[PDB]
Amino acid sequence: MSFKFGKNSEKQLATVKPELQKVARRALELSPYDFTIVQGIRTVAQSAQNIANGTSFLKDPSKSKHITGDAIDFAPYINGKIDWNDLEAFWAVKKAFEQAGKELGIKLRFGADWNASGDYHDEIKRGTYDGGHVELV
Ligand SMILES: [Zn+2]
């Protein structure tokens with residue numbers, strides 16, 4: 001319990017361009033259940049070695065927003081352990097990210113409205129981290 005950004009996590013966020021990391025740190029406390037950082041910024045080995053597969057001409061590993069450092073990925077911590085199956089808590093945890101961004105002013109928003117347009121493309125019923133990824137809006 002009371003998880004905190006390790007040496008790798010603290011760095012990932014410490015390498016972010018914007019101040020989105022702020023909401024993350026505060027959220028860890030504000031939110032009911034702690035959370036562990038998974039990814040924050042892309043090093044010179046990630047997007048660089050991303051072309052290790054084969055296609056070097058199509059070198060452009062921008063599948064996410066981490067490239068622009070305007071987004072990060074985290075995991076909802078519960079019972080002193082990672083809760084990837086307990087999406088229930090994910091609601092109380094993520095809710096802190098959106099609530100923390102409004103008070104801190106930091107740009108924070110998830111992909112919950114994008115799917116509202118028609119159907120659930122994020123697959124919130126499946127329990128995926130589709131919308132989990134937080135980015136600046
Ligand atoms: Zn991500």
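Numbering of residues starts from 1 on every chain and follows the written order of that chain's sequence, so it may differ from the entry's own numbering; residues lacking coordinates are omitted. Side-chain calculation: all heavy atoms of the structure are included, whereas hydrogens and water are not.

Novice: I would appreciate a short explanation of the packing of helix α2 (residues 20-30) against helix α4 (residues 87-104) in the present structure.
Specialist: Helices that pack against each other are described as a pair by the angle of their axes relative to one another and the distance between those axes. Every axis corresponds to a line fitted to the C-alpha atoms, with the helix fit spanning only the stretch in contact, and the corresponding angles, defined between N-to-C directions, vary from 0 to 180 degrees. A helix here means a DSSP run of H or I that spans at least four residues, while a strand means a run of E at least two residues long, and both kinds are numbered starting from the N terminus. As a packed pair, α2 and α4 sit with axes 9 Å apart at the nearest point and diverge in direction by 120 degrees. What the angle tells us is that α2 and α4 run oblique. Both α2 and α4 take part in a crossing whose hand is right-handed. Together, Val23, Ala24, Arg26, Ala27 and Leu30 of α2 and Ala96, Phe97, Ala100, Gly101, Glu103 and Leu104 of α4 make up the contact between the two elements. Only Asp, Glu, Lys and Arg are considered charged in this grouping, and only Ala, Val, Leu, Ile, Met, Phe, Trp, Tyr, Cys and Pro are considered nonpolar; every other residue, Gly among them, is considered polar. Taken together, the residues of the contact of α2 with α4 break down into eight nonpolar, one polar and two charged. An angle below 35 degrees is treated as roughly parallel, one above 145 as roughly antiparallel, one from 65 to 115 as roughly perpendicular, and anything else as oblique. Definitions for this section: a left-handed crossing has its near helix turned counterclockwise from the far helix by less than a right angle. A right-handed crossing has that turn clockwise. Note on contacts: a residue pair qualifies if any of its non-hydrogen atoms lie within 4.5 Å across the two residues.

Novice: For this particular structure, what's the right way to read the pattern of salt bridges?
Specialist: Pairing of side chains with opposite charge becomes possible as their charged atoms draw close. Salt bridges are defined by distance alone: a side-chain nitrogen of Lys or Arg within 4 Å of a carboxyl oxygen of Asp or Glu. Tallying each qualifying case throughout the model produces two salt bridges. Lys81 serves as the salt-bridge partner of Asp83, at 3.1 Å between the closest nitrogen and oxygen. Residue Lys81 is classed as partly exposed on the basis of its relative accessible area, which comes to 40%. Where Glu123 meets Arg126, a salt bridge forms, and the shortest distance between an N and an O atom there is 3.3 Å. For every residue, the accessible area obtained with a 1.4 Å probe (protein chains only) is divided by the maximum for its type, and the residue is called buried under 20%, exposed over 50%, and partly exposed between those limits.

Novice: What's the story with the side chain of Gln12 in this structure? I'm lost.
Specialist: Mapped onto the secondary structure, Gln12 falls in helix α1 (residues 7-14). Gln12 has contacts with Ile37, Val38, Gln39, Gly40 and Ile41, leaving out every residue within four places of it along the chain.

Novice: What should I look at first to understand α4 in this one?
Specialist: Helix span is expected to be 1.5 Å times the residue number reduced by one. Between its first and last C-alpha atoms α4 spans 25 Å; for 18 residues at 1.5 Å apiece the expected length is 26 Å, and the two agree. Turning to α4, its buried residues are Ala89, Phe90, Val93, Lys94, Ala96, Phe97, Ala100 and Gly101. In an axial view of α4, the angular spread of the buried residues amounts to 135 degrees, which keeps them on one side of the axis. In α4, the exposed positions angled more than 90 degrees off the buried face are occupied by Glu88, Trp91, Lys102 and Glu103. Along its buried surface, α4 packs onto α2, β1 (35-39), β2 (71-78) and β4 (134-135). Positive backbone phi, at 85 degrees, marks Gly105, one or two positions downstream of α4. Picture the helix axis, draw a direction to every C-beta atom, and the arc is the one those directions span.

Scope: geometric values only; no functional claims are made or implied.
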